[PDB]
């Protein structure tokens, strides 16, 4: 049983709700006891001490806390713990599915993410009018999950449009997310990958696999092995092992009947996790087909 801990800079709403927490240096620890406590003065790091304060226009406060998770298998029991979990994944300290990422939607506050920092939904229109005295008020989004890069930039990674990567995404070194790529929380790449399509929550893509432009990986839990290629505008509703290809523009769902080299057919889920597969739609017959790659024959 592994725990985790982190000193964080939390922003709270006027009613005390946790809007976010930024943890500069999260870490894994021995299993222990779940709790968030307000840091005493002498325990606030100097770089965070200058950041603590109250924003009278937003009606928020920023405070320095320490959050401990006694066990990463427990569900998050509050926003601080949820944020810590998401930082652990994004710092690559834990791989997707290495901690319990359940219930986070239920636990996290819906936030107005602005060029002035996090704001509550409550009284936002009045807050917008106050903040406008400072200059333009830009809302980047309204949601429970903020932009990963606004908490951590992981190394060895490119992200062409960082609006498309949620905090809690795990991007292994050599990974590039292009504009059309999207990576959800508790999801991402284990190695080097070109990501130009959508990686759903819980989806993991193995080393050297690429997701083509506008490809869709369904939540379902689905994963892709190593060296797979999803063609642009393709779709995947089953897991793939290694060395699989889904053709450009083909949506393969779990219930899609696929014809095999022996002319027999099976639902695609019967092939889930298999290697060396190439999925295509025949351009003469319209039929979804599966071919064996590299003289490897097909395993159900």
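Residue numbers count along the first chain shown, from 1.
In terms of unmodelled positions of the deposited sequence, the chain runs continuously from residue 71 to residue 72 in this entry. As the entry records it, the average C-alpha temperature factor is higher for 256-264, out of 231-239 and 256-264. In this PDB entry, residue 98 carries a Cα temperature factor that places it within the highest third of its chain's modelled residues. Looking at the C-alpha B-factors along this chain, the one for residue 276 belongs to the lowest third. The PDB entry assigns residue 297 a C-alpha temperature factor belonging to the highest third of its chain's modelled residues. The PDB entry assigns residue 79 a C-alpha temperature factor belonging to the middle third of its chain's modelled residues. Remark: residue 194 belongs to the highest third of its chain, ranked by C-alpha B-factor as recorded.
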